[PDB]
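Engineer: Here is my input, please return the structure:
(16 chains)
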Amino acid sequence: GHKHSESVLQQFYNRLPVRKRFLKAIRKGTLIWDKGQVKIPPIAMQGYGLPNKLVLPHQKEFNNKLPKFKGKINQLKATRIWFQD
Amino acid sequence: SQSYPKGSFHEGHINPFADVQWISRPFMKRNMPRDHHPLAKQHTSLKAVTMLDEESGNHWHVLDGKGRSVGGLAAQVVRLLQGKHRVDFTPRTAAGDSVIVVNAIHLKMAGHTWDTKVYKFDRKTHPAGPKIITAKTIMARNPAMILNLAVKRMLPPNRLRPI
Amino acid sequence: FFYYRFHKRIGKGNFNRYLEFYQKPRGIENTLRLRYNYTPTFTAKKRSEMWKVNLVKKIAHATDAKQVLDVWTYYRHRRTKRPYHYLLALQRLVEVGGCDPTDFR
Amino acid sequence: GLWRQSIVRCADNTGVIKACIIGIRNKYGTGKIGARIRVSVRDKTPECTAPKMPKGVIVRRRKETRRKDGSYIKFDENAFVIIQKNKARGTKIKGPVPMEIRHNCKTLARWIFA
Amino acid sequence: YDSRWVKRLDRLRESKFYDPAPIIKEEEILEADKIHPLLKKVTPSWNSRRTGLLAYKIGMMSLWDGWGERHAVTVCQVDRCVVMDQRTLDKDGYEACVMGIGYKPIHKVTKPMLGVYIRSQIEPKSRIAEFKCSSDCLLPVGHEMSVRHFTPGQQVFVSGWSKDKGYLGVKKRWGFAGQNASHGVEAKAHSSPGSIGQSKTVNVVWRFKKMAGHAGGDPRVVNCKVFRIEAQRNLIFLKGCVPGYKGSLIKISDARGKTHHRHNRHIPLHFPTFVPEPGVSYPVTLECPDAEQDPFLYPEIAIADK
Amino acid sequence: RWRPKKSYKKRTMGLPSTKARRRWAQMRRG
Amino acid sequence: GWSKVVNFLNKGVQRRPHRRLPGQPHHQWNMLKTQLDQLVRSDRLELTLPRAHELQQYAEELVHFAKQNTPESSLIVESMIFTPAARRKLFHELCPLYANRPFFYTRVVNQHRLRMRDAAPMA
Amino acid sequence: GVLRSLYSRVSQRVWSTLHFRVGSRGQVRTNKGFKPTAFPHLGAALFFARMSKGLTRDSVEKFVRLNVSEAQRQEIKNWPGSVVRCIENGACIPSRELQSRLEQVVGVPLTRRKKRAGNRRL
Amino acid sequence: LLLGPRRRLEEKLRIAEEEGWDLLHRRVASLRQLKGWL
RNA sequence: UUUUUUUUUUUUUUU
RNA sequence: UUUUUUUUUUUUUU
RNA sequence: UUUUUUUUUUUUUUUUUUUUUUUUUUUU
RNA sequence: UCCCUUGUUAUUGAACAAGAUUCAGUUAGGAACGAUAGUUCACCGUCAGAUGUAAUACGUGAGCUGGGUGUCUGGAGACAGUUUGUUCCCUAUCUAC
RNA sequence: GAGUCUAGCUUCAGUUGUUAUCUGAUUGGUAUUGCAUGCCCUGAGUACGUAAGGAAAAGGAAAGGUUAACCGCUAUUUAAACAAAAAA
RNA sequence: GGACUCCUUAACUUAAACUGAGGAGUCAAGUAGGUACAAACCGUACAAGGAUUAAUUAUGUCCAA
RNA sequence: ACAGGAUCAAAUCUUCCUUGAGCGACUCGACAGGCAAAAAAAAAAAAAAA
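Structural biologist: Residues are numbered from 1 along each chain as shown, chains lettered A, B, ... in the order given. The structure is reproduced below:
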């Protein structure tokens, strides 16, 4: 475009063959790109343990011992929830 | 006219706690391909048929792409087209055989591909930029294109590609 | 043929709510003349050129209008048909004991 | 037609002699009859009581005016009338008045057909 | 094919050799010799469309009305518009009607063309066009169109080619501003185009850039209103303006979209064609109905400052 | 200084036909 | 040149009724006036084809107005000659001649040849 | 407010659509070289034809009813139910007159028509 | 209203009787016969 | 739960 | 799960 | 008689207007 | 989701009218001048077109210029116009006894 | 082999969003609206509200402004001034 | 009185390809290979010369290959 | 094209089948027209006969 130089992160986004609607979302943060697919970012619940795929190799042993949620979003009773960076 | 299109996730459950959070289809539930109720006779598919011809040397391969994956099908087709499966393969020439594909409408796509996929067409010195066409339009208008483009982009980038 | 142009455009249509009908379409999708961008080899050339002889050879060998017609039909795509080819086929058809004028063949 | 920086007279008997146009709803200087415009008073009589910035409407125009019936109407001068509270400030209008005036102030004129 | 100075004198002297005006009647009666046996009344449907017509631009005129308001109307003449052939889904693959217009000398028509006319049983034609319509409005072959197809007071869609002006400048074509005539301005700058692109960041001129070139000769479309029609001479008066030269071919069809919705809603029209009943008279001339309200009414508009 | 915003220039609907456009169309397997 | 520019530029251009001549209008008219008298005095003149097609316009009008035999027409005829010899000839040899001729007293003949020094057509 | 849903509005808009081109040749519809003989029956043929254009039974009926002469019209009203549905289903044999109208609506012949032409042999 | 009018070579006769075109010197096979070749 | 990663040159995700 | 669906909801927990 | 806005008319169609190209011809 | 025009109908200390924050599209139509020249900002007067932002080498100087807090006649890219054709300039001479 | 008119493809922005059941001879069964500046009129001095005050659904019209087209009318400029009688 | 990288460290906004120190490799003066696209990174039984041959390396094994 | 074919066989006016879709439709086979003179905003206007 008109801009001479662009950030690598922005450039990456620019290369995504998706609709504008999803592009905007992706940019914002409501959505992520992984394995050539777009899905909701992981949910981090208060007190519960995070997915084993996001923690460091040495943190998995301690993460596995934390409580786990095996219910639906409606049944979830977490005091606070947010997307995991 | 004044709002975003109705996606496939509008007609089903949402499960964020899973890989396939929502199922996607090229068409709505009420719009999916169907067969006419009065079958004048029942039919059976042969999967694939092959015709050899020693005299003219042109071979034919008729396939049934019913419920198959686009990628896999394309990959398979590429091989045949290229003619690499033969011993006497010459990259200089096109040593392949003719391939026929049917039931292209019945193809499948894993993940959120039906609702989060587009196709770009380059334009020579255009201010608006490349033309973007959604996959639902292509499915609605010409299903064959879905496979056609996958095969095309799979084939080597050379002067033989057209052939 | 330095450059052979061939593209499959997105033609107008209506596939939405399509009903499966056990019937053939109008015609083939691809109609453009196929032009090679490379010189053929001896075997290729031979295969391309042997028709001129094979036609006559099989016409002669044929022993019925059915066979004659079949033979003729097989070499349909064969362009550049000389007048005498017709004459030969006619003579054979008359000798075999007639034919079916109404025949698509 | 009329344009900014234009001097036009007054048909009313208020006392003002002439005024300079300040604004108009036009771009190409084609001011028509019956168009609202802002005027700045330049001269006044010793017994005048008009404001500094009266608001009025174009009554007469030098340039010819086309009619719906294929006729044309022309004048010799450009004059306006002051308007206040959707009514004229004065009580009489000097000279004739054209028919092409949606406003009811034309009734005060002496000859509407002339 | 005479000289310039001969043609110029001809142009002036032509006026002296005008035939007397015809005699126009008040009524018209048709017989079975002017009616297609195959012609019949067909009820319309929700997905039914009519056919178009062809015309030649003659010239402009000014006409009054019932209220006395003068309006400018262009005169159009249908030069014996006759159907030639029809198209079917089975035969061709699409529903359409082919029509012809005009006349050509026999000493200019090719033999293959004359073969068509022999079959058609019609005199040589100058121009041939085609219309797409619904299958339920296919007119019979050999039927002659009439001015009665369009009812007065309806909206029409007119299409035609614009005039030619040859080569023109940027300032002449588009209407560029340019530069001042004074204050130290170069000669060339008077009518120069100015900036035509960006810096090295964009090394390419965008497509469809406004530049100098040959002007005119383009297709254009416009809406028109049926003001008056003539049966005798086959004449139509259209309110508005029509592009093209005084004699150029022009296509006329019905309203489309908003035009149809807003205007052409409450107007009864003969869908297929005009179907006269033998033994009954018809008017020759038809005028547009007058309005409801008085056009010459200037109400009071309050002007209150706030 | 004062500058009017010529937003009318941004028109993207119901544009007129041009020889440029026509040629563009033509070149694309018309 | 290129021979293509001529064609490119000529598209959508109307023809001129009166051919342009070198000089101001006052000069052009003088030129044509004098050439009319010289044509009257000779019986044939050799001129370029464009010019031959131009002088014929006034060559016809002179004789057309000379046959009226009216004071008014006489004035117009006077207004188109210089020398007395041309007046004498027009009024004594040409007027009697074309007594029965409604119009068209002159013609132009093309030589189908080019000038040696100019390579220009002749008539 | 009396405003309908946006979805509804859109649907409404889409419902009343019409085209003037066949389109791609790759489709399965009525085109050049069409033959009714392929179909098992007139009903199937009719169904196919109708589906090709995208017209409703109601509209078909409405058109025919208002087109047919009085004699045929009166009998049309004597059938226990819809005539179109019965013809489609193969539970009724339409008349020549009716067939004419049907073919006019669908823009395609349903049966092998006559050819009024022939040279008398001496 | 009606409208209209192992063995030695198996696939040839099937095509002939079904389709309506004879195979001169062209063979044909289907996936179902792949078991006799692996 | 795992095999599928910045595979972020394109297609593809066929598990 | 139902064309219910511009920021509005029902049924069933799959 | 011509040109022009200083006059007049439209502000609709986009599977529309329009177009330089009939393609079962796989080695001119 | 950019000053106005859209989201009937629940975010509101939203009675109506006139208003404030936030979000969404298949990205549809629009937005007038002048005085003083203090390199531009608070403000001033008129039509009320109705609180009117950035990037593009100051966007733009082989297109033009002005009172200071140089010149160049377009060779290749691009863009805007235009192109008869199988033939109608020339030439194109088997097989072999 | 050749003439005409045309099918398909291409085209500013952009989308895939349409039809269970089926009036028994009882006047019959969705239908060309995507779109949107300001002011005025009917609805209406109505809904609302002590009072002051003062809405929407739809249509209709007068200015201003942009694009395109044209010369019937008006304004500017400008050119032309020639062959009816066979008694000619 | 030297350009990049590894460890330690002075200055700076724990900023910058800067400014300056201690000790190893490479380039400078290095070929071909890998890293998508332009010395510095990995590997090398590392380029006298010629030919249609065999090998555990960085690293790969759905298609372009 | 009513051109071909079957039948204890059709109202005037072909009961039914074949012609892949009667070569995309019509038509022509001494078919078709580049350049010159003249004319010429696009466009149109000339029968042959030195």
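
Engineer: Could I get the contacting residues of the residue nearest to residue E:95 when sequence neighbours are not counted?
Structural biologist: Sequence neighbours aside, residue E:135 is the residue nearest to residue E:95 in space, at 4.7 Å (criterion: C-beta to C-beta, 6 or more residues apart in numbering or on different chains). C-beta here means a position set from N, CA and C on the backbone, and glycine is covered the same way. For residue E:135, the contacting residues are E:89, E:95, H:104, H:105, H:107, by C-beta atoms under 8 Å, 6 or more residues apart in numbering or on different chains.

Engineer: The second one and residue E:132 touch, don't they?
Structural biologist: Yes: the pair formed by residue E:95 and residue E:132 meets the contact definition of C-beta atoms under 8 Å, at 7.0 Å.

Engineer: Between those two, which is the more surrounded one?
Structural biologist: Shown here are residue E:95 and residue E:132; by other C-beta atoms under 10 Å in any protein chain shown, residue E:95 has more neighbours (20 against 14).

Engineer: Determine the number of other residues adjacent to residue 13.
Structural biologist: If you meant another chain, say so; for now it's chain A. 15.

Engineer: To clarify, I was referring to chain G.
Structural biologist: Neighbours of residue G:13 under the rule other C-beta under 10 Å: 11.

Engineer: quick one: it and residue E:302, what's the gap?
Structural biologist: Going from residue G:13 to residue E:302 by C-beta to C-beta, to the nearest Å gives 57 Å.

Engineer: cool, residue D:109 as well?
Structural biologist: 20 Å.

Engineer: ok, now how distant is whichever residue of chain F sits closest to chain A from chain C?
Structural biologist: The nearest approach of chain F to chain A comes at residue F:12, 16.3 Å away (C-beta to the nearest C-beta). Distance, residue F:12 to chain C, using C-beta to the nearest C-beta, to the nearest Å: 22 Å.

Engineer: Next one: the nearest residue to residue E:235 once chain neighbours are set aside from chain H, what distance?
Structural biologist: Leaving aside its chain neighbours, residue E:235 sits nearest to residue E:77 (5.7 Å; criterion: C-beta to C-beta, 6+ apart). Separation of residue E:77 from chain H (C-beta to the nearest C-beta): 28 Å.

Engineer: Same check on residue E:266?
Structural biologist: 19 Å.

Engineer: cool, residue E:282 as well?
Structural biologist: In terms of C-beta to the nearest C-beta, residue E:282 sits 25 Å off from chain H.

Engineer: quick one on the thing from earlier: for the residue nearest to residue E:235, which residues make a bridge with it?
Structural biologist: Residue E:77 forms beta bridges with residue E:56, residue E:235, as assigned by DSSP bridges.

Engineer: My guess is it contacts residue E:53. True?
Structural biologist: No: counting by C-beta under 8 Å, residue E:77 stays clear of residue E:53, with 11.0 Å between them.

Engineer: tell me the SS of the residue positioned nearest the centre of chain D?
Structural biologist: Closest to where the C-alpha atoms of chain D average out (C-alpha atoms, centre = their mean) is residue D:80, at 1.8 Å. Following DSSP: H, G, I helix; E, B strand; the rest coil, we place residue D:80 in the strand state.

Engineer: Bridge partners for it, pull those for me.
Structural biologist: residue D:10, residue D:58.

Engineer: contacting residues for it?
Structural biologist: D:8, D:9, D:10, D:11, D:19, D:37, D:39, D:56, D:57, D:58, D:59.

Engineer: Can you report how many residues lie near the residue in chain G that RNA strand M sits nearest to?
Structural biologist: Nearest residue of chain G to RNA strand M (C-beta to the nearest atom of the strand) works out as residue G:8 at 5.5 Å. Residues lying near residue G:8 (other C-beta under 10 Å) number 10.

Engineer: so it is in which element?
Structural biologist: Assigned by DSSP states H and E, residue G:8 belongs to helix G:5-10.

Engineer: which element follows that helix toward the C-terminus?
Structural biologist: Using DSSP H and E, the helix or strand that follows helix G:5-10 in sequence is helix G:25-41.

Engineer: what's that following helix packed up against?
Structural biologist: Applying 3 or more C-beta pairs under 8 Å, 6 or more residues apart in numbering or on different chains; DSSP states H and E, one finds that helix G:25-41 contacts helix G:49-66, helix G:84-89.

Engineer: picking that back up, going by neighbour count, which of the contacts of residue D:80 are buried?
Structural biologist: With neighbours counted by 16 or more other C-beta atoms under 10 Å in any protein chain shown, the contacts of residue D:80 contain buried members at D:8, D:10, D:11, D:19, D:37, D:39, D:56, D:57, D:58, D:59.

Engineer: export those residues to TSV and tack on distance to residue C:73?
Structural biologist: Below are those laid out as TSV (distance: C-beta to C-beta, whole Å):
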residue	distance to residue C:73
D:8	96
D:10	102
D:11	100
D:19	99
D:37	90
D:39	97
D:56	96
D:57	92
D:58	90
D:59	95
